[PDB]
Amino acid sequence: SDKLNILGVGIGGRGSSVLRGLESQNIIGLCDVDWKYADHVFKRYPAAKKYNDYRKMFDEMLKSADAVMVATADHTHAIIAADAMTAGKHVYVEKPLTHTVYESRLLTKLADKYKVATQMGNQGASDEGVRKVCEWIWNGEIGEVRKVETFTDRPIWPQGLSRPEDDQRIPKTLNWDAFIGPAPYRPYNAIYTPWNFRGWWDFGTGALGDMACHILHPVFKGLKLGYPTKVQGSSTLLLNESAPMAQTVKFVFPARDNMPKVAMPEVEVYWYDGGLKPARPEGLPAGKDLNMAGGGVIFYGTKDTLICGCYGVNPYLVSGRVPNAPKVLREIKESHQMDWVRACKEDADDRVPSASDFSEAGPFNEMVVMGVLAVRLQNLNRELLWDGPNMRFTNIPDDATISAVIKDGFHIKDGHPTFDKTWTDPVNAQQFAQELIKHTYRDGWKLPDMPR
């Protein structure tokens, strides 16, 4: 075989471009819950069998397949990728890898156990920018880094939404039940899909899922990060079902092993989104935009400051100097899609992993999705202390409760303001947190077990 047999799952949007990148291989089956939105894609590949439920497609065609591309809404990435991998299939899974920390940990351990090739779809990991960021840091060009600031201008779509009140009929071209997948059932509405799932906690991850995997990748790889020890967030109005218009997250990562030319001390990483930006770094010329391609990253080293854009693009040092550092990272010639295909075909003993192999991308996505935890737990009024190995917070009190705003009810009558707002009934904070870290799947939807 020179051609992989690939099944595509979630094809109408980003999946479309990913499949174009994989087109030289064999697209034998395509699954999409929405046969209207995805129609143009099924008709670029007339020969592939059409499905509208991945489980049906898997039962019929996982024999014929080597690999699965997944570009569904975030909340279903895990269950799909896990079923594919446990059947011994290679997987390309769009960023963010999974909806939850637990799901990321599971995909990481499954990739190892079944020895398949994996690729999270953060395509910047395969470009030149990151390679420079890493090589500069590792060669001592900026000294040690105790503080990084990062941001995106996303969200650029409306968030902070309330559950829409009208009921809508489910189009006959849409398999609403399979869209819901393991999440709690709720009535259909177009506000949820296509595309707009990003703002709903049960289905997407807000700006963190939209952008963070692109923005933070050079931070995570360059500073060799693992599990954070602490995290805290704040946001604009935090609703119970929808993510906020803007948020800030501060992580702390412990010291790692030093490298010959650069120490790796404890490091704070700040995240800003929704218009908020870090303060301008000292020495940067007035007027230089910190946003390049949707965001920025600032590494504050003891000898200099390294700044890059989203996707690791166009790194520079604020001193103006251009280093000439030793090359250490594999220089990737294929697209992000095709570099994975290469890996899929090398024997497992011998395999050169692609750039977003889940052995990196898993722990990385756990940082991204921890942003969501921090923000959703902000009313606990504490720095949250994370035990990474055991996937729990250690300092949420037994009797703490958490509630969220359902709807802002501000009104003015004849000049007199009223500040009403509905709140959810307080729930136990530890159980709410535990459930965000690891969801209770709706009956009929099951993850494979954690190995061992």
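One-based numbering along the sequence shown.
According to the PDB record, 89-97 carries the higher mean C-alpha B-factor of the two stretches 89-97 and 216-224. Stretches 50-58 and 412-420 differ in mean C-alpha B factor, with the higher average recorded for 50-58. Per the deposited coordinates, the residue with the largest Cα temperature factor out of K147, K277, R198, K113 is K113. Highest C-alpha temperature factor among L174, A207, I142, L237, as the PDB entry reports it: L174. Split the chain's modelled residues into thirds by C-alpha temperature factor. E282 is in the lowest one.
When all modelled residues of the chain are sorted by CA temperature factor, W386 is found within the lowest third.
In the deposited entry, the Cα temperature factor of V318 sits in the bottom third of values across the chain's modelled residues. Remark: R105 belongs to the middle third of its chain, ranked by C-alpha B-factor as recorded. Among the modelled residues of its chain, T401 has a C-alpha B-factor that falls in the middle third, as given in the PDB entry.
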